[PDB]
Structures are given as structure tokens and as C-alpha cells.
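Here is how names work: the chains are called A, B, and so on, in the same order as the sequence lines, proteins then strands, and each is numbered from 1. Quick note: numbers below take in every heavy atom, side chains included, and nothing from hydrogens, waters or symmetry partners.
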Amino acid sequence: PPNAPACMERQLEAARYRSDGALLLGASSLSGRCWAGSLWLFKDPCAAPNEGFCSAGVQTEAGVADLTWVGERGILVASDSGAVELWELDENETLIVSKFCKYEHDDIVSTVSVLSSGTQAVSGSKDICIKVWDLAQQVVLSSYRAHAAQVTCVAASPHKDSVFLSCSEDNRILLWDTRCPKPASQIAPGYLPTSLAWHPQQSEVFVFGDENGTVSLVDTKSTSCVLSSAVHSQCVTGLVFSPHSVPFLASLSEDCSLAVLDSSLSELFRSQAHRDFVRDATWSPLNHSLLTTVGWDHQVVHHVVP
Amino acid sequence: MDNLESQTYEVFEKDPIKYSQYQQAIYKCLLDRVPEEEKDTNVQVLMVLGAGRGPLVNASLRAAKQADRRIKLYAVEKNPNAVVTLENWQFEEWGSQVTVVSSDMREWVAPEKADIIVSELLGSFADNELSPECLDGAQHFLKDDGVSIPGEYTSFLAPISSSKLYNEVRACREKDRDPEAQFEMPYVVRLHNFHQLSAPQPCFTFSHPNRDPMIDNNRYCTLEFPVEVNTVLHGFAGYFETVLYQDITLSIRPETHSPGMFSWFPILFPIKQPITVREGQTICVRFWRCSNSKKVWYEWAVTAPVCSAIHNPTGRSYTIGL
Amino acid sequence: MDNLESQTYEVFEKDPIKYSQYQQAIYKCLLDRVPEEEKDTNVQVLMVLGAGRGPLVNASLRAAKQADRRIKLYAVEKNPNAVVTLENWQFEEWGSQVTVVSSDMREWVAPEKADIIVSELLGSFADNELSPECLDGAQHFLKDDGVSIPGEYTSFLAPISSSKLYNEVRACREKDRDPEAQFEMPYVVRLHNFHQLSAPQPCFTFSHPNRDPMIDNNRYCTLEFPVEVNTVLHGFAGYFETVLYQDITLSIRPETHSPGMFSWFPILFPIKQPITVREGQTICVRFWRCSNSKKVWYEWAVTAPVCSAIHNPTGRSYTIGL
Amino acid sequence: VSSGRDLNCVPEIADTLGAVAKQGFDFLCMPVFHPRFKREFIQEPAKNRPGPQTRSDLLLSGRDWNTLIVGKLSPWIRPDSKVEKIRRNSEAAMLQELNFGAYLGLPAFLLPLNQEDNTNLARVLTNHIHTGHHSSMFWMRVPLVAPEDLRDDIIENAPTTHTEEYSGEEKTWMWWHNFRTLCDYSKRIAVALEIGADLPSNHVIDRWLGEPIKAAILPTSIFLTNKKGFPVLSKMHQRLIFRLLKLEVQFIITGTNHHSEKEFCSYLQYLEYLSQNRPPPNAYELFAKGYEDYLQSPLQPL
Ligand SMILES: Nc1ncnc2c1ncn2[C@@H]1O[C@H](C[C@@H](N)CC[C@H](N)C(=O)O)[C@@H](O)[C@H]1O
Ligand SMILES: Nc1ncnc2c1ncn2[C@@H]1O[C@H](C[C@@H](N)CC[C@H](N)C(=O)O)[C@@H](O)[C@H]1O
Ligand SMILES: O=C(NC[C@@H](O)[C@@H]1Cc2ccccc2CN1)c1ccnc(NC2CCC2)c1
Ligand SMILES: O=C(NC[C@@H](O)[C@@H]1Cc2ccccc2CN1)c1ccnc(NC2CCC2)c1
């Protein structure tokens, strides 16, 4: 395709399925001469990561630390440059054009999450700040310095536009509600929280992974993590719930494995297909049994979960 | 024990003859190893043992193009910082032809045997950078008929007079160590204000590969230097000669010095006390190359016209870590 | 790196409990390994790794007679001078039952696997005589179900006050070395005029055999010592406990000290500058066990109530040669 | 004014250096390895990650590495982590980055003091200082006010302390003092003092007097805006700049442009404006110049 680069960078950072079934890929060059990034669209997920078989592709100024779909054509990127950037898929869906590139963070933007309405987004950074964006106005609505160390993860609630979670190296898990004068609420200190995921049906339930490879289930109202499991031998990088009525939970780690857990956090599936850090997992909206993972080993693996 | 800096590799890469001599040696070896009828079917496995930032890798490739022969290259390097340069060059320029290996040649488990092992592990006194020990741990992955470039090297010694250098060594006294340790260690120095008192004589020789049942890198040499002048002995200048392949050689001996070659300066083995030498007297020096599993060192003593103390016993002042 | 003198082996052979404890451990292990029905058909292969002049060899033989079980003995010893005593005793007393081996346990190619490996390579601080490294190089010739006596050992530390010992260490300043090197090294000392400021706490633990895929003998420990007295910190006393087999143990911890056992005196890790400690304050100490392929050492620092300098960084003042 | 630019994103090293030099900066503080490129040293398969591990030394001349580049330790390196695996990988990675900086001959290398316990970080740095032959400076990035003490009061169930804490407010000086005590006053270890939007009380500032401050870190976010839209500093910030100018510190500008209508070199132009408008040297200072903290043995008068 035109404007698309001939080569894809080795370090695959993100993989996101669209409702129709198209695959969004985020990649960075974390070594060699150039430290840039790239965004890719694959209408055929089996073709990934082959550049000559993509629907669309574009080069970003810097690496892609994180990304998210903004509807069906929008792509919101957390950049190494300190910019939050919105990219838009064109009418024919063969080009990826930049809508905005706003440099509001003073260090790497590590995490981005679109709020329930789809009109606003939350970004977290190594600069310790959390910002709330208005996507149409292309501006920052609010800037929050609640944490005392780098923001590791920001996760917008599935159904409440004013509610989100954040975790940081300051060992805090914050529950946010922007309708309060003091918007954050801290929900004994232990291992650092590294990943967050809201339960898709239980509006007050969420899961968190830690640097020690443990996954824990929390109820915001009760404020107690009575359910936990030692899933990984290393840092829990990501947590992704399946699209099922009774969802399964995918947990990805720096130990290079993927694990699929049930409601009681018991293991149903374990995959060691990756030979480097597993960076993202996306469940297929077309086939709910299919789970796609990306890694720093440039592998796009398609898993059949029983 | 230490890793070389980027700028150290940079200056030595500017040597006007070292690399063209290495290229010429590899070129001659390829023609002698594979005939014209086999030029498109026989792929020679070349291993650059201590590749640095890659100049011997380029010399090997240029030699294979010159010989019109096929080669498969391995670039082994223990310095991980130099490995960064090697892996960036392999991705951008060399490709699949060159396999970069980040390892010590003594610990690397090679996936196949080599036809040719190319290395430049030589010191000013030939074996003082532990080329014998490194190549001994690497010869197991060399074919039974395999060639080592260099094939042999010989160190040379010459007695010298220099009151200037004697004073420079004397000024090297440091706190928190033996007050005479500075006289019991060699120095790399571009000798300038001195008097060579007798023609250099060969000291120690090593050959590669070493197919002897009992390999022993320890050495003991007695040298007798005729002196036809009244003078004062202050130390010994050390030089070397190496046979890269057949007639392709390198030398830092003043009489046979390779032109423009600055990659090695001479070595100086001092003596604690200056020794008076009269016309017609003979300077007798004894040198020992010693070792254990952890280190290598030299011991030396003057036995004529007068005895000196044994210098550096047990490597108390100077050792080269293995 | 050094070999023990004849009289050093002689005095320690007079220990009234060390050997009877070792005998009791071997006795219990033999009964648990071979049942009554197999007492005349099953021959257990016992290896004394670091046999010295042979007291653990006699302890093993006495234990086999006590258990009414059959044993085949190997007495491995790296000290060739101690090997003279072993080979003279084997010819005159033991016979074919005991095979004497003059070798390092890390380099010996055993002709068969052992059921039981018996050793006493412990230092005052348990692992400071490199028992972990020696037994790691010896566990390959131990059966998959094989037992190591001792099975585990733990070092203990306690903060101490002693202006007398501080002065003794201070007086150890030597010429031709760093003027404060004496404070960056441990000393074996029968501590007498001192004040233990807090109860000993466990520091480092090692288990044998070590069946982990990645064996790592390096360690890092943070200890917090409650102090209920006004005082001055001068160093740390080091002790150890060992599990020979199950409930058969040895200890030099003052609270659980094995009676009459003089085979180990405590160790003292000094600090360069005395530290004032007030009633109710906590002494925080950090200890590191460090290593490379050539040596092992400790690094230590006080972080509360005040920080000290890191002691012995890179083993600049003290190392235990491998 | 000797000034530097701090950057945590460097897509192309030659383009970036050229861009910062054009802005008027004398040096660039940058990562030597990609800041997000976490590396495994012990467990397979991540340990066997194919190289290169970073970009080549060939991308710049020897002169450029020696004079224009200040290295930065990667943010994921945590030698004092509560997790054993993180402590071990971080030690191996810290030694790797420090030795790569020594390999390039960097004039200085930035390491952070962002928490109270930096014992293992001090131990690893001390080990590096006493290994091999190199003479690079270590700049410890330490803030006047700890991020935990300057956080917005927006956590409903965790309010910020309103009562004064005299010694508690000087806690970052203790982080520095403890680290340099462990490292046994190495002449190679200095301070890179990070200034924030709200200056602490005078006693907190004065704790830094007599300390080896080599650099002062000025985030773009601490700059106020004037009627013309140019970045400026409050009177209290200017007072601290004049104090640091007497110490001849190197000023480092960190963060993105917060005055987007104006060019980036405007933050630097304000610093040189302050430097040009400082009090001129008096008669005493004209002769005493160059003798600052230089020890002289007193003469034997007789
Ligand atoms: N035992 C060893 N294993 C691997 N590399 C080694 C070993 N000993 C030395 N080297 C490397 O060998 C190189 C020796 C240099 N004199 C040669 C550099 C380069 N090949 C040249 O000709 O310029 C250095 O890069 C050393 O790090
Ligand atoms: N790596 C080694 N290989 C063989 N012997 C060793 C090794 N390390 C230490 N030894 C010997 O082990 C013995 C250790 C002594 N503490 C024990 C002596 C004797 N077994 C006893 O209990 O009295 C000494 O004789 C050492 O020489
Ligand atoms: O003998 C030398 N050093 C060791 C010698 O073994 C050296 C070490 C070395 C290291 C890396 C790459 C190649 C080489 C070449 N072999 C030496 C040291 C300093 N300067 C020299 N020459 C100057 C540079 C401008 C003229 C020579
Ligand atoms: O701790 C001691 N030395 C190390 C220790 O590891 C020691 C070393 C050793 C050496 C050979 C045989 C057995 C042993 C026993 N283990 C020690 C040193 C000097 N004297 C001691 N006790 C005296 C002798 C009269 C009371 C003890």
C-alpha cells in the first residue's frame, strides 16, 4: 500500500481487534540506528505481521508505547516523545492520517484509555501526571499529579465516563471519579501494581497484576483482594477479559508466557509460543475462542482457547 | 579482565599495513585450501576470534573476493560494547554471511568446525596479551587440517641503557603498594632516548595449532648479550615478530620493522638497580613465563656481569588475568 | 589456595563432639537408606570430600559397624601432604575398603556415583570456606536420590560493642597496602571482652544438593537489630548452625552452642568508624556474598541509625580464592 | 552559561543533536539504550534476545561522545526493588549501561535518587568505580522536594500533611548524604539538583550548601509566562538561579515546550538574560577569581 513502510519494526507493542475483525498493530524500534514506530491495519489477521499483506500502514515520529481504537476509524497513540496522538483511518481505509499530535507530557506517554462515551481519553506518563483529553477539541481538560512515581497503567471504566483506574510505581492503585473535588481514592503495602482490567459485566469489579507475577481480583465497594493467584514467574504486563457472557481472563508476562484464567483465577490454558516478552492480547469478536498475542520476538500468535 | 574503549579500537583501525597483511595472508590461504575447480562448491568456514569492531571481518571478505573463493564467516568477540558495533554492521552491511558471536573464544560451543581461525591477540612482547591461552581454548573447534592465522610468533629482547627511562619508572612509586613494585612490571613505551646495547635476540616462541599431547605455555630462556661498549644497563626492550601465513609476516623488531605499523609500541622490562657494564662484557638475562589457572606473568633476572634480584616473583607486582 | 599444616589437623581432631555428631548422622542415614533385609547385599557408596588426615573416614567406618550396614569408602583430599597420612593409614589399617583420592573434589572424575557425600568444609560464618562452590562441583557424582551430610547450613550475625577489639583491628594497619584495609576484612576470634547488642539473626542459607536449574551462590541480606541499650557499634559477630542429617546438628551460635566444640571460633566483621546507638534505636546492616569465577567475598554496610561506607567493595581488601 | 537539554526520546541521534545544538545547547542528556527496552539476563528465552542491544558508537565521532553527550540510566533499572529477580536484572543492566558509557568515553552519566533506600544502587556504582580504568562523572539526579511531598491534594482518603515537618522537608538531602556516605565520598559522584515549581522553605535549600552541585535541572513546567508570552521565572526562582550561577553549575532544561507559540530556545535565552544581568565582579573578586576552594599550604614565614 502507498505511504506504508517496506519494513515493520521488530518490537510489537500492541494488538487490537476492531468489532468487524480487522487487526490493529502497534510496533516500535527499541534498538538499532532509528528508534521510531509504526501503526498497521490487517483486515486478514493471519497475514500479520507481513508488510506486503497489510490493508494500511504509517510511520510515527517516535516509538509506540501504547494504543487504542477510538471508534472504528480512530487510533489513539501513547508516544515516547511525550505526545498523545490521534490518527484517523481514511474513507477507503487504505491510509492512516494524523488528526493531532499534542506534546503535553514531559516524558514518555506509557498508557492511554478511551472513556466510555468515546469522546474523551485518559493518558498516563513517566512524568507522573494523568491527563483527561477532549478528542474533538484536541486539548487537555484536566491535569492530575496524584501519583508520586511513573504511571504504569490507566484503565477507563467500561460504562462510566467520569470513572477510571490508575496504578503506579508509588505502589498506589487509584480509583478516579472526576465528579469529586478530590477525584482519587486509594483502593498494607506490597508488590508494585503493573496492569489493570475492569470486569466487563460487574461494574464495580476489576483485576490487577503485579511485578511479582500475581493476579488479584478486587471489588471497589468492599476494598479487599481476597482472591489472588501466583500465575507468572515475572511481571504481569497485561490483563484482557474475553468477550464471552461468562468471561475468561488472559494474562501476559515478561516470563514470555500467556495464561488464560477463569472466574476463580484457575488456569485453563498456558502458551509458551513467544520467545520474548508478550506485549498484548486481543480476543477475536468474530470467533470468541480465538485469542491473538504479539511479542518483542516479532510474532503474531493465534491461540485456540478451550 | 578489562574491555577496550571505542576510541582505542578507532585509532588502531587506522593501521596502514596490519590489515592489508592480514588480508594477503587469508587470500594466500584460500587459494592453497580450495582449487579453481572447487571455487563455486567449497565454502570455507572462517572464524575471526576477537573481531573487535569488525576490521578483520572486512579484511576476510575482501580476501575472499580477491581469491574468488566462497567463505562462511563467524565474528567472535568477548567485549559486549564492541559487539554493539558488530551487530549494527551485520544488520546494515554484512547480512547472513557473517554470524556475530558475543562470547569468550575459550567458552564458545561452536555449531561447526573452522577451516581458518583468524586472530590478532598479540601484545608488544607477542604472548603478553595471552594469545597462547586464548587460541589453546579455541583450537578444539578448528578442523584436523585447519589453519591458524597467525601460525607462529616470537618475542625478542635487547638490553638497553636509558637514565631518562630509569627515572620515569622510579617516578611511578605509588602509595598503598610495595615501594619497588614499579620496577617489577613491564611498560608499553615508544622508546626514544635510549641506547640499545646488543642486537635483539629471540626469547619465546608459540605455534598454532598446538597438537602436542601435553600443552605447556610456561617458558624459560637464558640470553647472552655481547656488549662492545662501556655503559649502564637499565632494562630490556621487548619486541616481536609474527608469521601470519608462510611469507606474510608482521614485525616490531627495529631491524625488520613493518613500515608505518604503529599498532604496537615496544615493551620495557625495567631492573630495580642500574648495572655497570664494561666494554667486552656479556649481559646474561633469564626470563620465565609463568602461570596458574587464574593468571600469567613474567619473572626476570640479570646473572652477568653481576646478579640482580629476581624480578616479579610469583607475580607479586604484575600479573595478566585469565 | 593454601594447604593446612599437620598440627592444625592434629588439634581439630581432638574435638569432643564434632566427629561423634558426624558418626551419628551417617549412622541414621545408613538405616534410613538400607533396610534390615538388605543389610548383607546392599553396599552404600560413601565419599568423604575433604578427608584431611582421615577422622571422618574413621567416623564413617564406626557408623557402618553401628548401623550393621555395608559401605564402600572414597577419601578425597586436595592437600597432598594430608594425602601422605591417608595413604599410610590406608596401607597399614583400612585396606581395600577405603580408596584414597589425591584431587580437588571439583576436578575429580569419579569411577561411580555416591549414595552419601560426607564433608566438613564449613567456616565460622558457614560458607566462608567455600563449601557451596566445592559441593556444587561435587554433586554431579552424587546419585539422583543421594544424600549430602551436611544437608544445610545457616550463618548468623549479631551487632557488637567492643572498644578493645576496635583497637586490635586498628593496630592491624600494614605498610604496602590501603591504610584502612584492616577494617574491610573478617577475623576469626574467640570474642571475649565485648557486648552483644541484639540477638543473633540468620543471614545466609545454603542447601545440599542444589537441584535448581540456575545455581546462584551470591546473596543479599538486610538485617534489622532492635537495640534496648545506649552503646557504640564496632562490628558484627558471625556464627553458624548446620544440619548434618535431620535432627543431628552442629552450632556455634552462643544460645545453641554445641558442647565442648572448639573447631570454630566466631568471625568478626569490623566497621571503619564506630557508630553511636541510643536506647530504642534499630541497627540496620546489609551483607552481600559476591563472586566471579576466580574468587568469593563479602561486602557489608550499616544503613541505620547512620550509614557507614560500603566495606570491602569488589573484594579490594579481602577475597577467598577459588 | 554552560547549558544542556534533557531528552527521553531520541529517534535519530544525529538529527536530534543537530536540533539541540541549533537551539544553543552545549550538551544533550539522553538514554544510551532505549528507555523502554527492558532486558533479561538470567532466564530463557528473553535472555537470548538477538542483538543489537543498542545503537552503534559509529553514529557519532569520538569528540562528540566525549564532549556533547551525558548518558542517562534507564528508568526500569531498580537495584533496590523488593523483588529479587528485578534486583538481579537491574544490577546486571546498570553495570551494562555504565560500562557502555565508559566504552563511549561520556563526560558524565545521570543516575536518579528518587527514593529513600538506594543501598544496592550505591553498591553497584561503587563496584563500577573500582573496576577497570575510566574517569567519568556520576551526576545523581535529586529533587529539592520529593514528588510524594509535591503531589496535588486530590486523594480523598490520603490527604497531604498541612503541619510543618522541619527535618521531613529536608528528606532528599538525606537521600543524597546516605548515598555519598555509602560510596565513601568518591570525587567522581556529584549532584544534579532538580528544581520544581514550588520552592521549599530556605532551610531545605540551604542543606545543599557545601554540596558538590555540578548541574541544576530546570523543567520547562516551572517557568511562568509574561505579557509577551515568553517563559520567565518567579523572583524566588531567579534568586536560586543567581545562587547556582556563583557555583558555576551546568543548567539542564527538561520536559516539552509549554510555550508552543514561542520557539524552544526562549527558555535558554531567559537563562542567559539572567546570567548577563547578574552583579559584576568587585575589586576582591577580580583577583580572587580562579582561587575558589583551592587549598594552599600556609607558608613557613621564617
Ligand atoms: N578470549 C577472548 N575471546 C574473545 N575475544 C577476545 C578474547 N581475548 C581478546 N578478545 C578480543 O580480541 C580483540 C583483540 C584486538 N587486539 C583486535 C581487534 C581487531 N580484531 C583488530 O584487529 O583491530 C579485542 O576486541 C578483544 O576484546
Ligand atoms: N575443593 C576441595 N577438594 C578437596 N579437598 C578439599 C577441598 N576444599 C577443601 N578440602 C579439604 O577439606 C578439608 C576440610 C577440613 N575442614 C576437614 C578436615 C577433616 N575432614 C576433619 O573433619 O577434621 C581439608 O583437609 C581441605 O584440604
Ligand atoms: O602497543 C600498544 N598497545 C598494545 C598493543 O597490543 C595493541 C592493542 C590493541 C587494542 C585494540 C586493537 C588493536 C590493538 C593493537 N595492538 C600501543 C599503545 C599505545 N599507543 C600505541 N600506538 C600509538 C597510537 C598512535 C600510535 C601502541
Ligand atoms: O575457627 C577456627 N578456624 C576455622 C575453622 O573453619 C576450622 C578450620 C579447620 C581446619 C582443619 C580441620 C578442621 C577445621 C575446623 N574448622 C579456629 C581457629 C583457631 N583456633 C580455633 N580453636 C582453638 C584451637 C584450640 C581452640 C578455631
Roughly how far apart are [X] [atom1] and [Y] [atom2], rounded to 0.5 Å?
X: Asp6(D); Y: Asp107(A); atom1: CG; atom2: CG; answer: 8.0 Å
X: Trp76(D); Y: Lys126(A); atom1: CH2; atom2: NZ; answer: 11.0 Å
X: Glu61(A); Y: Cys9(D); atom1: CD; atom2: SG; answer: 6.5 Å

Contact origin within [X] toward chain D - heavy atom pairs under 4.5 Å:
X: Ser29(A); result: backbone
X: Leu174(A); result: side chain
X: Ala65(A); result: both
X: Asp80(A); result: both
X: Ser143(A); result: backbone
X: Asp255(A); result: both

Are [X] and [Y] side-chain neighbours, meaning at least one heavy-atom pair lies under 4.5 Å?
X: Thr54(D); Y: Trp35(A); result: yes
X: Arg10(A); Y: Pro50(D); result: yes
X: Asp276(A); Y: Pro45(D); result: no

Is it the backbone or the side chain of [X] that comes under 4.5 Å from a heavy atom of chain A, or both, or neither?
X: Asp153(D); result: both
X: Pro219(D); result: neither
X: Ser260(D); result: neither
X: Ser56(D); result: neither
X: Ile155(D); result: both
X: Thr254(D); result: neither

Looking at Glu148(D), I'd like to know if its CD atom is crowded, meaning that more than 12 non-hydrogen atoms belonging to other residues, nucleotides or ligands lie closer than 6.0 Å. yes
If you count heavy-atom pairs within less than 4.5 Å of chain A, which of [options] leads?
options: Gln115(D), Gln43(D), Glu84(D); value: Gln43(D)
options: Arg49(D), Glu12(D), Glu40(D), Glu156(D); value: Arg49(D)
options: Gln53(D), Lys38(D), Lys85(D); value: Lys38(D)

When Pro181(A), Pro183(A), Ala62(A) are compared by non-hydrogen pairs under 4.5 Å with chain D, the top option: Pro183(A)
In terms of heavy-atom pairs under 4.5 Å with chain D, which of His147(A), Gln234(A), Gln272(A) leads? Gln234(A)
On a heavy-atom basis, which atom in [X] and which in [Y] lie closest, and how many Å separate them?
X: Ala46(D); Y: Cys256(A); result: CB-SG, 3.7 Å
X: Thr256(D); Y: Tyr103(A); result: OG1-O, 3.6 Å
X: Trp296(A); Y: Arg36(D); result: CH2-O, 3.2 Å
X: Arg55(D); Y: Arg33(A); result: NH1-O, 3.1 Å
X: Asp106(A); Y: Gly255(D); result: OD1-CA, 3.4 Å
X: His258(D); Y: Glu104(A); result: NE2-O, 3.9 Å

Whether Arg78(D) and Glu169(A) form a salt bridge (side-chain N of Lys/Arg under 4.0 Å from carboxylate O of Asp/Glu) is what I want to check. no
